[PDB]
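# Structural overview
What follows is each chain in one-letter form.
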Amino acid sequence: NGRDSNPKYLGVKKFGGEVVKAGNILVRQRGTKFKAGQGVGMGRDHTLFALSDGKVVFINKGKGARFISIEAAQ
Amino acid sequence: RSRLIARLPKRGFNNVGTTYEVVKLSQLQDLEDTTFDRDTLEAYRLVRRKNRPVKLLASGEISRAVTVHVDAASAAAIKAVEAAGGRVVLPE
Amino acid sequence: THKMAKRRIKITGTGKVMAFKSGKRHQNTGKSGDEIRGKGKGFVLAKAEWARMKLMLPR
Amino acid sequence: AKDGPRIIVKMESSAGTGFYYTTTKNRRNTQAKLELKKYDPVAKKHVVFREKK
RNA sequence: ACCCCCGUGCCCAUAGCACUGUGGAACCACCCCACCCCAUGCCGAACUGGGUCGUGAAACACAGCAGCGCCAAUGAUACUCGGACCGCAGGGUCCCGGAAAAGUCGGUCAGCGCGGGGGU
RNA sequence: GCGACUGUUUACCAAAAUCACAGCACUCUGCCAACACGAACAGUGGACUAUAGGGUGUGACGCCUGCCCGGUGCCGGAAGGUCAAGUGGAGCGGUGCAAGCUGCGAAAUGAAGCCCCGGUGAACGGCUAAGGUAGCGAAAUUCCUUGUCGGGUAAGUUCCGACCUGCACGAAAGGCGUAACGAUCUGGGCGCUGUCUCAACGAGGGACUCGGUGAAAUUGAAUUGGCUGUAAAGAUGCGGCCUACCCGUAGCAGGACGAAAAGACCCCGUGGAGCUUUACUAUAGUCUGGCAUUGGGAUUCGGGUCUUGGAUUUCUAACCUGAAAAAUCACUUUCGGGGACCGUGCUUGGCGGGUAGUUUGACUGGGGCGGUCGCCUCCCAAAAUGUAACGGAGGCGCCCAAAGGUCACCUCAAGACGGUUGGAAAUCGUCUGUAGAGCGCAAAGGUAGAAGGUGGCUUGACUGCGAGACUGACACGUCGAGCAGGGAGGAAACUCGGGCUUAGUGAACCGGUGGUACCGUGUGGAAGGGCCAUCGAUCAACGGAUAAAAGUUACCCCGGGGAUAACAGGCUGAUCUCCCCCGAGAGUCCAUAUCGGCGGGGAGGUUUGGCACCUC
RNA sequence: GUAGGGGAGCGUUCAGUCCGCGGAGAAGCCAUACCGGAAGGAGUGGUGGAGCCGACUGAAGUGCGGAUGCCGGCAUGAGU
RNA sequence: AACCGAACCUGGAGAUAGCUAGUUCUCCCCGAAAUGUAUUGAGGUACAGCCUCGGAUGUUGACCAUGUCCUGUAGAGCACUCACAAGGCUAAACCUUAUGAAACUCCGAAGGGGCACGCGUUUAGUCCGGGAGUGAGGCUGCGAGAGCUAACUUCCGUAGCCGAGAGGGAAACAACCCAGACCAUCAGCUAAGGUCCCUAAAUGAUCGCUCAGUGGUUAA
RNA sequence: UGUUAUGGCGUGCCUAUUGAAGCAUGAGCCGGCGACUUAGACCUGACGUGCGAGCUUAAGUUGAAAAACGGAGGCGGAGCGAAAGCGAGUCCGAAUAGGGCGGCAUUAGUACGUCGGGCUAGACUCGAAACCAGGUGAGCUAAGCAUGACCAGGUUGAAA
RNA sequence: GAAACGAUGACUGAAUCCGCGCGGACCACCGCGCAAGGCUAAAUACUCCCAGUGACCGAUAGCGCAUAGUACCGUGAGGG
RNA sequence: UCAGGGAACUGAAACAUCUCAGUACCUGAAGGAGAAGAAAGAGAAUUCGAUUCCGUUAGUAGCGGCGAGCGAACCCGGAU
Ligand SMILES: CC(=O)C(=O)N[C@@H]1/C=C(C)/C=C/[C@@H](O)C/C=C(C)/C=C/[C@@H](O)C[C@H]2OC(=O)[C@]1(C)C(=O)[C@@H]2C
Ligand SMILES: [K+]
Ligand SMILES: [K+]
Ligand SMILES: [K+]
Ligand SMILES: [Mg+2]
Ligand SMILES: [Mg+2]
Ligand SMILES: [Mg+2]
Ligand SMILES: [Mg+2]
Ligand SMILES: [Mg+2]
Ligand SMILES: [Mg+2]
Ligand SMILES: [Mg+2]
Ligand SMILES: [Mg+2]
Ligand SMILES: [Mg+2]
Ligand SMILES: [Mg+2]
Ligand SMILES: [Mg+2]
Ligand SMILES: [Mg+2]
Ligand SMILES: [Mg+2]
Ligand SMILES: [Mg+2]
Ligand SMILES: [Mg+2]
Ligand SMILES: [Mg+2]
Ligand SMILES: [Mg+2]
Ligand SMILES: [Mg+2]
Ligand SMILES: [Mg+2]
Ligand SMILES: [Mg+2]
Ligand SMILES: [Mg+2]
Ligand SMILES: [Mg+2]
Ligand SMILES: [Mg+2]
Ligand SMILES: [Mg+2]
Ligand SMILES: [Mg+2]
Ligand SMILES: [Mg+2]
Ligand code: NA
Ligand code: NA
Ligand code: NA
Ligand code: NA
């Protein structure tokens, strides 16, 4: 039926290489696709965020478990 | 009234009691040889308002001994005038 | 309107809207935690004009 | 958030001396009587706190 | 320095399963007892307390084995960025680059650390 | 066929089957009648009176007129239930030293109605309250239908007579029949006729010509061809080609999408008006209680300490009305009657389309009908995000004192083998088993080190906050470390400010409750107002209009629109039409003299449509 | 280059001021082959018979092809 | 009192009109949009995007390269879900062979996007503030739905162009191809397309094809 | 310069639109008339000008071939909060987290004029069906009431 | 609305000196004023008429009219 | 000018309140003006001290389906 529908959103917000700040939201998702790495926390809605300052870092161990860490500069 | 105007959660309460005249402390201090503030000569010191009382607030800082006769005054004001000389007179 | 002088657009030193939060206060609530305790301030930079034109004079 | 005779209800919060509401969605479905707990109101805290209206 | 065992990481199937062999008191496991601390909505199976013999069978460790998994070229091809065309059309082609999947060759059943222990 | 008749009506397109009609029926009305005009208890009309008058329906006459009153309407009965002002006053609250001065406010009692019972149907209305008595019947009701048969005609879809399957015939919105009546409607026949096959002659007034007088609509400019194609898709000004000396008169009407009227159909406009009702709301009117005008004499019932009230009854100076003498009255009087009612004024409640002011949504391959608006999950979505349709599917408007926090412990679906009420699954045991299960619901993602399953303890489903980010035009929405006051579980690190996440909800205004004390217009209080929290929302047309709302217009008006339908053309060619391919088989034998199962490939633009391309 | 925004100017009427013109004659009208980047302006001639250019500045009742615009005059349909 | 589903005249009144039409002198500069969201909103308005003007900032803009990270379209594939061809075995499962998928994914491009920097060439962006217009586009190529894989069809994404765009070419013919008009000129070279004649320009050169007027309307 | 012959080229204007020569709209011609203004010490912005931490007056009075006087008042100056109030600080809060404001290395205004634009009035101009008040009409027409008038002639032949 | 006060129709109905009304229900305090009788220059509005004036028109302007509520239209109001 | 009586269109992007507005219209009465006027006031200073008009207060307080939108007074200057 034509009726029903939803704007939705989701995706990634801070990509790798980028310089985050204490509170920047990294990736939004529904499940646990991107697990909270080092330097990165996780919200109720699996929304990843940053604790302090640093740089975005992606890590992939052959799919399944994604990780995102933050390497400080200083 | 259908564009932001309305739909704003505000009731508040209008009172409008007494609005005192802000007399900056640098106006007394710094310049001047003390013209004696009183309640009439002060009109020539650029504080002409009328209808409302007078308030004395500390903002300018240059210790100097001057006498002040305003209607009301702050905690920090009184503890800044007599601290360098003078006396803050308030109505009985 | 005089319901504007008592509307959350106070004439600040700069000249913008002193908003609040219309999420939920009186009715239709009872869920969440401190969602209602959001009785803070609000500000906008696209309606300050078409709002101050009704209260600016009687600041 | 409908509100009729149906099961479950929105509850006011009282306290031993304390005068504070917690607002909680209960339910008369199962054990429906011991709506007592412990929500410290602005105060010393640790006050006997039953939402039971 | 040699080797082995135990504990714990990096790595997280090219380091996994199966089959087979080796290991016996340094280590590991089984095992023995367990009224009480503790515990399995029933069982001290598993947790757990106190400890000989025996055995290595099982488990575990190691080694061979790679039948099976896993990993996976070269070449070509599909597709496509760009440019340029054809058919009434569903479509399709040329030039220039990038470039799969699968399959095949082939690859290998790890490697790299720290600490402790007992042997030469 | 209809209507009985005479008559009558849409001045100016409908004279008819309309209306009227004598007749019949129901029903109201006791005469200052009912009713009606009216700002007015004035006045008048009814009308100078019960087979009289008002309203309604049917519409001479004849035979006749059934069944169902559940509902609605009305009449009657009326125990009880509810119901306004008022009567009454407990309690509660405020101020003051007090006397006292003041807010809020009952039990009971309290009119007309409503609910409730019955009845009334020539009341609406039906044929669940019951269901077609007579008669008529494809008849003006007829759909399928040109029905079937018969009559008339050489031939009849209409017409007449019957039958019957009466889409929706039906007895006073009358059924059926009927003499007479008819510028009415329908069919047939006779007569006659240029009505017709078929045109001819003749005439008279105009068209034609000359002299005189001399308009109108219209008009971008004109030096203004035909064929084809193109162009907004209908070409004299574009292209190509063909034709065509210049200029009139008399004539024909194909073209200039010819002239007149911004379209009367249709759609749109939060345009208008008229008209309806069980749309909203109010009012004329009207019913009614109390209180004035409004008194006297008794009885009972209420009570307090002479009376104060309700009702009943009765008399009368108010008042109303009639007669006589100076008809309308003012006057005095004999009186007559009614007479504390009525009328009228204020107030309360009900009734109320008579009247009045208005609402009645949008999207939409025209509109209407149907369907559908918010939020959530996939696909479309073309590897950031985003992205539409009346595109393809499936959910939500909750649930849970635990499915919460935390702390510990357990690991699945299924198959095979073997076992007892089993005999498919399941209960048990042992192996295999990246889980092919589970996670409260829809779906996706994700999860084996758990967001799978259990137990103990608890109420962080806390309060005061929040650097910095995601997302939106705004408004909202989403995530969140850390800090503080106090707690929970664990030895502890540590975690917890609801539940694997994404739906389980909605602004403002207004009001209710608790709390706290800011304001409080002379002062001090108080009423009230603010603030904190929180409650009321199929407001689902779900960013929401109003506290409060339906239809019709073919009697229609206006402002617009080829921005939006029906005609036509144009585009397309499902459908339609035609042609062609292969060939099983029929054609005694034999595929193709003819015919062409299944299925395929094109053409045409004559069908029904799609779309909405130029003209409203 | 449309809606639109910005900039520089022309022309007309009235007003203040300045230099002036006019009976051998203004304005207005009429002809024109000149000038300026446009809006426009100038010379000369004819007409006409009283007033009116240029410069600066100020103020609007300020610039026409259209609205089935309005008023007036005059055409076409025709010698129909 | 010649036109009545509510007379005429005057007045409120210059009623309102999201409607329609019209909207007057000149040159110069820049230069739109028909999208998103909301609306008793749909042919109207608010805000945003998009325009111009001023100030500030003054290269953060643009294109491209390099590095890094992310996203599952095309393709493919059968390893889950559904469907599906033949055979073996004894209907399901399992085995051999063979498939199809917008709502399957063992795999997985091109390309795209964010960020950093510039190794390089160019040029603008942002912020504040005044005034706007536009919130009814169309087609073509490509990638999709809807439709009969029809429509000068509808609805989205994307590029260009038309819109406000002259000129040349395609006979004519906005949308196609080639090209963006400061002006003047009896000047030259070129693009798209052509070079017998009607219009400018080799009835050109070399090797073939078609006896057809194919070119100059289609297929089994 | 005027006029013409011929060749080449060449789809009125305006409006409304995705698209006009349009077989879409408007227009006989010409002259004249005709459409973004005006007011409110209003609000806001650009520019210009005279004061400058100050900045001006309104009514009015006295004078006018001319102008001054007039400082009731308004805008500057301190913000923040619902308010009391406090104050360079205040609201949430039982003291430290933030929002708003000063201080920022640093930024003053006000009055008047012209102009863009907003507000409030008919607000660019022209235009509708309609609603309301008052008044005029039955000398047309639909009827009533009062009083006058008119209907050749012929035919059919009821009661009594 | 917590809704005073003034006013009025209908019903009721006080005091007056240790008095009465009012001061945004109410009360105390406090404060102001004392009705149920009347009359009364000037400042103010407008303008038929008159004078004067004009960055007011110069007749398709300006009042409608360079005189006319006349011609003309309607039964009339009225339009013009 | 006062008094009696008293609309609608419109606005509220519809529409019952409110606006429009107590405006238009109707009617009564009077003048060269009326109205109003000598405190049972305003108001917050133990104050000013008939009325009316102008300026200001100020678009403030307040009112309002708390919408549209409507909208004082005191203090003070001035006419008198
Ligand atoms: C059935 C139809 O086919 C139909 O109803 N057609 C419409 C014209 C009609 C009804 C005319 C009726 C006559 O009483 C007058 C005739 C008219 C006014 C003719 C008008 C004509 O010139 C323009 C169009 O008018 C239409 O709206 C119309 C859609 C139409 O097809 C015409 C082409
Ligand atoms: K003649
Ligand atoms: K046509
Ligand atoms: K001359
Ligand atoms: Mg809105
Ligand atoms: Mg026969
Ligand atoms: Mg007759
Ligand atoms: Mg003849
Ligand atoms: Mg031609
Ligand atoms: Mg003819
Ligand atoms: Mg029209
Ligand atoms: Mg119309
Ligand atoms: Mg994408
Ligand atoms: Mg409201
Ligand atoms: Mg009619
Ligand atoms: Mg069109
Ligand atoms: Mg058609
Ligand atoms: Mg002739
Ligand atoms: Mg008439
Ligand atoms: Mg008008
Ligand atoms: Mg330009
Ligand atoms: Mg649009
Ligand atoms: Mg589009
Ligand atoms: Mg356009
Ligand atoms: Mg042209
Ligand atoms: Mg033409
Ligand atoms: Mg035309
Ligand atoms: Mg049109
Ligand atoms: Mg006779
Ligand atoms: Mg008047
Ligand atoms: Na003749
Ligand atoms: Na009505
Ligand atoms: Na009006
Ligand atoms: Na009068």
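Below or above, wherever it landed, is the structure these notes cover.

Time to look at the overall build of chain D. Helix and strand content of chain D: zero helices and four strands. Projected onto its principal axes, the C-alpha coordinates of chain D cover approximately 35 × 20 × 10 Å. Residue burial in chain D is summarised as follows: out of 53 residues, 23% are buried. Within chain D, residue pairs in contact and separated by at least 24 positions form 30% of the contacts whose partners lie at least 6 positions apart. Here chain D displays about 4400 Å² of accessible surface, and carbon together with sulfur accounts for 57% of that area.

This next bit is on the protein's contact with RNA strand I. Close to RNA strand I lie 28 residues, the nearest being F13, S59 and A75 of chain B together with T12 and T14 of chain C. The sugar-phosphate portion of RNA strand I accounts for 57% of its atoms within 4 Å of the protein, the bases making up the rest. In this structure, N15 of chain B approaches RNA strand I through a side-chain N or O atom, which is 3.4 Å from a sugar or linking oxygen. Between RNA strand I and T14 of chain C there is a distance of 2.7 Å, counted from a phosphate oxygen to a side-chain nitrogen or oxygen. The set of elements that each furnish at least two residues to the surface near RNA strand I consists of β2 (54-57) and α2 (75-81) of chain B. Classifying every residue of the surface near RNA strand I by side-chain character gives 14 nonpolar, eight polar and six charged.

A few words on the nonpolar core. Within the largest apolar cluster, 11 residues are counted, these being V23, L25, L28, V54, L56, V68, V70, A73, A77, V81 and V88 of chain B. Elements represented by at least two residues in this core include exactly α1 (25-28), β2 and α2 of chain B. With near-sequence residues (within four places) excluded, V23 of chain B lies in contact with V47, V54, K55, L56 and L57 of chain B. In terms of nonpolar packing, the next biggest core, distinct from the first, is built from 10 residues, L26, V27, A50 and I70 of chain A among them.

We now examine the interface of chain B and chain C. The interface is formed by seven residues belonging to chain B together with 14 residues belonging to chain C. Interface of chain B and chain C: buried area, both sides summed, is about 990 Å²; carbon and sulfur atoms make up 62% of it. Three residues, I5, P9 and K10 of chain B, lead the burial of chain B against chain C; their summed loss comes to 67% of the area buried on that side. Counting across the interface, chain B meets chain C through zero salt bridges. For the pair chain B and chain C, the interface holds three residue pairs in polar contact. For the side of chain B that touches chain C, the residue count by class is four nonpolar, no polar and three charged.

A word on the sheet that holds β2 of chain B. Residues and elements named next belong to chain B. The three strands lie next to each other as β1-β2-β3, forming an open sheet whose pairing is parallel. With partners counted over all chains shown, the strands left at the sheet margins are β1 (21-24) and β3 (72-73), one partner each. Both β2 and β3 contribute to a ladder of two bridges, which runs parallel. Residue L56 lies in a different strand from β3, and its bridge partner there is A73.

This part is about the pattern of salt bridges. As enumerated under the stated definition, the model contains seven salt bridges over all chains in all. One salt bridge connects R45 of chain B with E42 of chain B, and the closest N-O pair in it is separated by 3.6 Å. Side by side, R45 of chain B and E42 of chain B carry an identical accessibility label, which is buried. For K37 of chain D, the salt bridge goes to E51 of chain D, with nearest N and O atoms at 3.4 Å. Here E51 of chain D lies in the segment after β4 (49-50) and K37 of chain D lies in strand β3 (residues 36-37), a separation of 14 residues in the sequence. On the accessibility criterion, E51 of chain D (1% relative accessible area) is buried.

Counted by the stated rule, this structure contains three aromatic pairs over all chains. On the basis of an interplanar angle of 85 degrees and a centroid distance of 6.0 Å, the ring pair of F34 of chain A and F58 of chain A is categorised as edge-to-face. Here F34 of chain A is found in strand β4 (residues 34-36), whereas its partner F58 of chain A is found in strand β7 (residues 54-60), with 24 residues between them in sequence. Note on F34 of chain A: relative accessible area 9%, which makes it buried. Residue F58 of chain A is classed as partly exposed on the basis of its relative accessible area of 35%. Centroid distance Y20 of chain D to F49 of chain D: 5.0 Å. Interplanar angle 85 degrees. Geometry classified as edge-to-face. On the criterion of sequence distance, the pair formed by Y20 of chain D in the loop between β1 (10-11) and β2 (24-25) and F49 of chain D in strand β4 is long-range, its members being 29 residues apart. Assessed through its relative accessible area of 26%, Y20 of chain D is described here as partly exposed. Members of the aromatic cluster, joined through ring pairs, are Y20, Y39 and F49 of chain D.

What counts, and at which threshold
Residues numbered from 1 in each chain as written, not as in the entry; some residues may be left out. Chains lettered and ligands numbered in written order. Part of a larger assembly, values for the part shown. Heavy atoms only, no water. Residues with missing side-chain atoms left out of burial classes, pairs and counts. Helix = DSSP H or I, 4+ residues; strand = E, 2+ residues; numbered from the N terminus. Buried < 20%, exposed > 50% of the residue type's maximum accessible area, 1.4 Å probe, protein only. Contact = heavy atoms within 4.5 Å. Areas by Shrake-Rupley, 256 points an atom, 1.4 Å probe, with all protein chains shown as cover. Near = heavy atom within 4 Å. Polar contact = N/O pair within 3.5 Å; in protein donor to acceptor, adjacent residues only side chain to side chain. Nonpolar A, V, L, I, M, F, W, Y, C, P; charged D, E, K, R; others polar. Core = buried A, V, L, I, M, F, W, Y, C linked by side-chain atoms within 4.5 Å. Buried area = accessible area lost by both parts, 1.4 Å probe. Salt bridge = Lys/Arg side-chain N within 4 Å of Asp/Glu carboxyl O. Pairing = 2+ DSSP bridges. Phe/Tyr/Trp six-rings, centres within 6.5 Å; stacked < 30°, edge-to-face > 60°.

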